[PDB]
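In case you want the letters, here they are:
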Amino acid sequence: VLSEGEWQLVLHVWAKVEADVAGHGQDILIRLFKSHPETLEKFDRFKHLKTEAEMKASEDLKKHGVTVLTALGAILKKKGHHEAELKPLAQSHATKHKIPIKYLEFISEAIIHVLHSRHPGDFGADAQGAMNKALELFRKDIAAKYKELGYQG
Ligand code: HEM
């Protein structure tokens, strides 16, 4: 579990994101899509985007970026007490969008990357440790619900 000190680091770093949610959200999704092009294909909504230039110009991608990060931010602020918030996300991502848990690992990596890129020398080793733990907890609890539903993998 996370200690209170680690949760404080996580939420202090999250304050950087909240200064510019749409910007961080677009940066994270583009990193995901370019690093792991198979993820783009899970989005009928964005499949048409071929180049990074097109992704950067898409206002709808920014809009989904706010939706995604708004949901993740509310979950982090629960400090692990997130059962009610996680349940619908697990259910829709497992049974409707058909997202393997591996992709949740990829986007976790993309978040860490983007934070380093946007905040050089301002994302501490302690904070990276804490964020990593918090995203692992998120994956673990979603994975538990995937396994229930027969989607483990
Ligand atoms: C930090 C992890 C993530 C969060 C917080 C998140 C959150 C959300 C939210 C709030 C929605 C809208 C409501 C819903 O459909 O449940 C959504 C939709 C969706 N998500 Fe995610 N998501 C995450 C990861 C991913 C990943 C890794 C993929 C695929 C590679 C993915 C694929 C999709 C798709 C395809 C939709 C539907 C978009 C549309 O057609 O409007 N999500 N997500």
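Residues numbered from 1 in each chain as written, not as in the entry; some residues may be left out. Heavy atoms only, no water.

Undergrad: I'm lost on the UniProt feature "binding site: nitrite" in the protein chain in this one. Help?
TA: Under the UniProt annotation, "binding site: nitrite" lies at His64. Relative to the elements of secondary structure, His64 occurs in helix α5 (residues 59–77). (UniProt positions renumbered as here; feature names shortened; annotations may be inferred. Helix = DSSP H or I, 4+ residues; strand = E, 2+ residues; numbered from the N terminus.)

Undergrad: Which parts of the structure should I look at to understand the nonpolar core?
TA: If you look at soluble globular proteins, the nonpolar side chains tend to sit buried side by side. By size, the foremost hydrophobic cluster in this structure holds 44 residues, and its most contacted members are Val10, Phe33, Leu61, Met131 and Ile142. The leading source of residues in this core is helix α7 (residues 101–118), at 10 residues. Beyond its immediate sequence surroundings of up to four residues, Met131 is in contact with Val10, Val13, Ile112, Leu115 and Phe123. (Core = buried A, V, L, I, M, F, W, Y, C linked by side-chain atoms within 4.5 Å. Buried < 20%, exposed > 50% of the residue type's maximum accessible area, 1.4 Å probe, protein only. Contact = heavy atoms within 4.5 Å.)

Undergrad: What is the right way to read the environment of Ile142 from this model?
TA: Within the element layout of this structure, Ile142 appears in helix α8 (residues 125–149). The exposure class of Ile142 is buried, given its relative accessible area of 2%. In this structure, the C-alpha to C-alpha distance between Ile142 and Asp122, residues 20 residues apart in sequence, is 30 Å. Beyond its immediate chain neighbours, meaning those up to four positions away, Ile142 contacts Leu86, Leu89, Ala90, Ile101 and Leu104.

Undergrad: Can you walk me through the site of the ligand in this structure?
TA: Close to the ligand lie 16 residues, the nearest being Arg45, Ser92, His93, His97 and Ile99. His93 places a side-chain nitrogen or oxygen 3.0 Å from a nitrogen atom of the ligand. Mapped by element, the contributors of at least two residues to the shell around the ligand are α5, α6 (83–95) and α7. At 4 residues, the largest contribution of residues to the shell around the ligand is made by α5. Classifying every residue of the shell around the ligand by side-chain character gives 8 nonpolar, 6 polar and 2 charged. (Near = heavy atom within 4 Å. Polar contact = N/O pair within 3.5 Å; in protein donor to acceptor, adjacent residues only side chain to side chain. Nonpolar A, V, L, I, M, F, W, Y, C, P; charged D, E, K, R; others polar.)

Undergrad: Where do I start with the packing of aromatic side chains in this structure?
TA: Across all of its chains, the model carries 3 aromatic pairs by this definition. Both rings, one in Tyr103 and one in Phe106, keep their centres 5.8 Å apart while their planes meet at 15°; by these two values the pair is stacked. Taken as a pair, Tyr103 and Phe106 lie in helix α7 at a separation of 3 residues, close to a single helical turn. Accessibility expressed as a relative area gives 12% for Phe106, which makes it buried. (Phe/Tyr/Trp six-rings, centres within 6.5 Å; stacked < 30°, edge-to-face > 60°.)

Undergrad: What is the right way to read the coordination of the iron atom of the ligand from this model?
TA: Ideal coordination angles are 109.5 degrees for a metal with four donors arranged tetrahedrally and 90 or 180 degrees for a metal with six donors arranged octahedrally. There is one protein donor for the iron atom of the ligand, and it is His93 (NE2), at 2.2 Å. Residue placement: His93 occurs in helix α6. (Donors = N, O, S within 2.8 Å, 3.2 Å for Na, K, Ca; no water.)

Undergrad: Mind showing me how you'd approach unusual backbone geometry here?
TA: Trans is the common state for peptide bonds, and a negative phi is the common state for residues other than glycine. For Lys79, which is not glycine, the phi dihedral falls at a positive 50°. Residue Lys79 is classed as partly exposed on the basis of its relative accessible area of 30%. Backbone geometry at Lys98 places phi at a positive 60°, although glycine is not the residue there. Residue position: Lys98 is located in the loop between α6 and α7.

Undergrad: Can you help me understand helix α2 (residues 21–35) in this one?
TA: Residues spaced three or four apart along an α-helix face the same direction, because each turn holds 3.6 residues. Between the first and last C-alpha of α2 there are 21 Å, a value that for 15 residues agrees with the 21 Å anticipated at 1.5 Å per step. On the buried face of α2, the contacting elements are α1 (4–18), α3 (38–41), α4 (52–57), α5 and α7. For α2, the side-chain oxygen to backbone nitrogen distance between the N-cap and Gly23 is 3.1 Å, and the N-cap itself is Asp20. (Expected span 1.5 Å × (residues − 1).)

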